[PDB]
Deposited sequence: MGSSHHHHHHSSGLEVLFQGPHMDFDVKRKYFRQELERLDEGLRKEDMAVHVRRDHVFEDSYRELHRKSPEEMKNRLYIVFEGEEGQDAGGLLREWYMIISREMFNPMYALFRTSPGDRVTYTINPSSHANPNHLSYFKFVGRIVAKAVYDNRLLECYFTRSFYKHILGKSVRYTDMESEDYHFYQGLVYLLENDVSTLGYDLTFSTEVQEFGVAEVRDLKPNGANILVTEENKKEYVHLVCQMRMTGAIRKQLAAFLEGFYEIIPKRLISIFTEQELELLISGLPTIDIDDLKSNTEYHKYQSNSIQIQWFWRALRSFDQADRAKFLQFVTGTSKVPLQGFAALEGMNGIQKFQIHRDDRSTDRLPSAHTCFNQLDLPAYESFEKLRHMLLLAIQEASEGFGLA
């Protein structure tokens, strides 16, 4: 053991305080390090490849130098804001299909995951860049899936994390787990070769290691293995490369102070959330605009601080990214889907819940403003 940052995990410490501590610990770890400026020469139209050439071989120590960006052949242009410009470009390039490194997650066009389909060196370099941005206190306009942030944090990925990767697939796992397989009219199998579910043929009902029959007793374990393959196994070498690059700059023990939600805010920034714009673009179901719990909801959200407002956006939409055109342009699967609040008629003992595929908040009919505010904060900060 080489640190105690883990003792500050969880919600007791506000994101702003965690952030300040995180910065101070990086500075402690760099005491006596004699930094200097390091030139990065790139062609404007090849930032990603040129940056890779210029930096991928640098030592972790050299990567702590201040980067001095020089755009090939561009002379007499103002020199302010070039590093910021470079981070914005490489953020876009770090998601370009032509490099085949990342791809959008099923359903959510905002969030990216590692492409399961040279390459390992580039993944390591991307991990380096993400850590370098965080180290520099500069933002990347790159959003990842929940399980990807957990990987960075050293946290165990669970089948519930599949709700961020792929909502429709998660629905299938939910159906499987909640219903007795013996009443299907057919049998499921688990393939040991690809770690996916299938339908048993007669020969699978006989002894074999190719397709294991799924039962009430074993389905939870196979749901676990199917999820582990999709979120970890299928991208195991790439992930390891990315992580190796990230940790060379930001130690695992240090970054682990943040939750999955807070790591996203650290990488891609704390957005400003225009509550009037959101409110003008909210739909209500089984509540009306003037239902008392709705008036309480707006008052509570407005009472939240910047970090908690952003975590609220993450809670209901799946990401902290505000749409370019404002909340009138929030999207679901197949087009626009405005933020929507539904009355949850189950016990007022429950926390509000969310269905991010539909930007939907399920809000119990709480009995007081203070309870609503308290319950919503719990739901969000989890």
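- Of the deposited sequence, positions 1-10, 128-132, 398-405 lack any modelled C-alpha atom.
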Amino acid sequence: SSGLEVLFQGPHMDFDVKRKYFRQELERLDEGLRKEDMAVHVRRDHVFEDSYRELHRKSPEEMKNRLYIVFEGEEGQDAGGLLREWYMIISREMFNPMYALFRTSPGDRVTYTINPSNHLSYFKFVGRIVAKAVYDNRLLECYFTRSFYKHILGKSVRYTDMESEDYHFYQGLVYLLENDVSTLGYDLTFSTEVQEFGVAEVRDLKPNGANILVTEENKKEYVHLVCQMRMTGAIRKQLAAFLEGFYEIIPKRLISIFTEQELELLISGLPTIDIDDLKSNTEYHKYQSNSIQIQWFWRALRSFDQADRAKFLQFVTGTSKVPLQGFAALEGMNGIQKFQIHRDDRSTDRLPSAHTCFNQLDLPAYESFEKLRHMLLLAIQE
From here on, numbers count along this sequence of modelled residues.
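- Judged by mean Cα B factor in the deposited record, 150-158 ranks above the other of 150-158 and 122-130.
- Between 41-49 and 346-354, the higher mean Cα B-factor belongs to 346-354.
- Comparing the C-alpha B-factors of 316, 63, 69, 328 in the entry, the top value falls on 328.
- For the set 245, 198, 271, 185, the PDB entry assigns the largest Cα B-factor to 185.
- Among all modelled residues in its chain, residue 180 ranks in the middle third by Cα B-factor.
- Among the modelled residues of the chain, residue 56 sits in the lowest third by CA temperature factor in this PDB entry.
- Among all modelled residues in its chain, residue 79 ranks in the highest third by Cα B-factor.
- Per the PDB record, residue ranking by Cα B-factor puts residue 167 in the highest third of the chain.
- Residue 136: CA B factor in the lowest third of modelled residues in this chain (values from the PDB entry).
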